[PDB]
Amino acid sequence: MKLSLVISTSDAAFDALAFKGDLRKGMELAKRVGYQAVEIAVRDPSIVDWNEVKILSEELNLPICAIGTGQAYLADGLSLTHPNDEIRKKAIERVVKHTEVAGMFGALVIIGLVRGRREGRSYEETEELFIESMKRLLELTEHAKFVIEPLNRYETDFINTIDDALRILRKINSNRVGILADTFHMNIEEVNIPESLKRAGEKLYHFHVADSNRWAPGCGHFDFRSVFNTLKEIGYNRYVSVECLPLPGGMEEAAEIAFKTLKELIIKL
Ligand SMILES: [Mn+2]
């Protein structure tokens, strides 16, 4: 297993210099603390100079392991299940742009809130629309790999558990789509987290960690020990990525606390 840090970046349209500064600050922090990769989240990649990002990654020897897309929903209203087919098409087109960036870095593309909500419809219809959008994304991309992140009930009513996602993966039937499990969301939605991760098995492609309060791992009451025993049992050997509030004590202190907690769990496997 490898350790990665999610870094928050200002949106480049709403402040170009701030995006670049946030990115460099966070990557330098990740490197200093000892993380092996970073993870980012961008709303619209069209407005970022990714050649410059690649140079920074090369300078610091820090790959970008995953790219989040949720701001395309929260800020721009784009959803892969939107009842308006015009918006569904625009959401597919936006995510294609994320895959173009991801291909420069070998990064996973995260399907979180960009999948959209039920919006008063049946789960069945929402799921069918989503599967159609994912199949279109697979037809549109030759190399992109996607991970579906189950999210808690307050963020969405569509895909709340690992099982919800596994059912969808069986219908999509592509090894280019897997699961991103997140301990903060699982702490609410999963009955037995070790059992849920065993069911995921080889389909677990990426992993987000934060404590029960979404603070740095170690600063709540989530049982990471049982989780890491299960990750070893299933042979998980990809990224464990810290996605936590900058607490306690700010972004640097949280990243350091998280790293120390996770390193001790990993080294004792
Ligand atoms: Mn997450």
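For the single chain, residues carry numbers from 1 onward in sequence order.
Salt bridge status for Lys25 with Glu252: present, with a side-chain N to carboxylate O gap under 4.0 Å. Between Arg88 and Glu132 there is no salt bridge, since none of the side-chain N atoms of the basic residue sits less than 4.0 Å from a carboxylate O of the acidic one. No salt bridge links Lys135 with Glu139; every basic N to acidic carboxylate O contact stays at or beyond 4.0 Å. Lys90 and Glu93 are not joined by a salt bridge, as no carboxylate oxygen comes within less than 4.0 angstrom of a charged side-chain nitrogen. The pair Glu58-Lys54 meets the salt-bridge criterion, with a side-chain N (NZ, NE, NH1 or NH2) lying under 4.0 Å from an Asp/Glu carboxylate O.
Judged by distance alone, the side chain of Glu189 and the main-chain N or O of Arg153 form a donor-acceptor pair under 3.5 Å. Judged by distance alone, with hydrogens and angles left aside, the side-chain atoms of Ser212 form a donor-acceptor pair with the main-chain N or O of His221 at under 3.5 Å. A donor-acceptor pair is defined here as one N or O able to donate and one able to accept, closer than 3.5 Å; no such pair exists between the side chain of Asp182 and the backbone of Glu149. In terms of modelled atom types and a separation under 3.5 Å, the side chain of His143 and the main chain of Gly106 share no donor-acceptor contact. For the pair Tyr236 (side chain) and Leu197 (backbone), a donor-acceptor distance under 3.5 Å is absent.
Counting heavy atoms from C-beta outward, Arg117 and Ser79 have side chains that stay 4.5 Å or more apart. Side-chain contact between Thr261 and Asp211 is absent, with no heavy-atom pair separated by less than 4.5 Å. Between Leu3 and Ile266 there is a side-chain heavy-atom pair separated by less than 4.5 Å.
Taken together through direct or relayed side-chain contacts under 4.5 Å among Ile, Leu, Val, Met, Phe, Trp and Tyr, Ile55 and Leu62 form parts of separate hydrophobic clusters.
Here the straight-line distance linking atom CE of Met134 with atom CD1 of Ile92 works out to 9.5 Å at 0.5 Å rounding. Taking CD of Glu119 as the start and OG1 of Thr126 as the end, the distance is 8.5 Å to the nearest 0.5 Å. The CE atom of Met186 sits 11.0 Å away from the CG atom of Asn192 when rounded to the nearest 0.5 Å. Rounded to the nearest 0.5 Å, atoms CD (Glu233) and OG1 (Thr230) are 6.0 Å apart. A distance of 5.0 Å separates CZ of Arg214 from CD of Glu243, quoted to the nearest 0.5 Å. Taken to the nearest 0.5 Å, the CD1 atom of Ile193 stands 9.5 Å off from the OG atom of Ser226.
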Between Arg24 and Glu59, is the salt bridge (charged side-chain N to carboxylate O under 4.0 Å, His left out) condition met? List the steps. CA-CA 11 Å; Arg24 177 175 279 279; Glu59 278 181 3; 3.4 Å; yes
Check the pair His206, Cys65 against side chain to side chain contact (heavy atoms under 4.5 Å, CB included), reporting the backbone distance first and the verdict last. CA-CA 9 Å; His206 196 57; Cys65 66; 3.9 Å; yes
Run the salt bridge (charged side-chain N to carboxylate O under 4.0 Å, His left out) test on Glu195 and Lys198 for me, step by step, so that the C-alpha distance in whole Å, both residues' side-chain angles and the decisive distance to 0.1 Å come before the verdict. CA-CA 5 Å; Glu195 289 291 327; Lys198 291 187 299 177; 2.6 Å; yes
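Between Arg136 and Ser133, the side chains place no donor N or O within less than 3.5 Å of an acceptor N or O (distance only, hydrogens not considered). Between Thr161 and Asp163, the side chains place no donor N or O within less than 3.5 Å of an acceptor N or O (distance only, hydrogens not considered). With no hydrogens or angles considered, a side-chain donor-acceptor pair links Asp22 and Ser10 at under 3.5 Å. Counting only N and O atoms by type, the side chains of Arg176 and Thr141 include a donor and acceptor under 3.5 Å apart.
Within a 6.0 Å radius of CD in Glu264, no more than 12 heavy atoms belonging to other residues, nucleotides or ligands are found. Heavy atoms of other residues, nucleotides or ligands lying less than 6.0 angstrom from CZ of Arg167 number more than 12. Heavy-atom neighbours of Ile267 CD1 from other residues, nucleotides or ligands within 6.0 Å: at or below the threshold of 12. Heavy atoms of other residues, nucleotides or ligands lying less than 6.0 angstrom from CD of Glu202 number 12 at most. With a 6.0 Å radius and a threshold of 12 heavy atoms from other residues, nucleotides or ligands, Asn61 has its CG atom at or below the threshold.
Checked against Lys145 for a side-chain contact (heavy atoms from CB on, under 4.5 Å), the options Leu108, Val109, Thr99 give a single hit: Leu108. Checking each of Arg121, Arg170, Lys171 against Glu127 for a salt bridge (charged side-chain N to carboxylate O under 4.0 Å, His left out) leaves exactly one that passes, namely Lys171.
A tilted orientation is assigned to the rings of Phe224 and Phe228, their planes being inclined by 30° to 60°.
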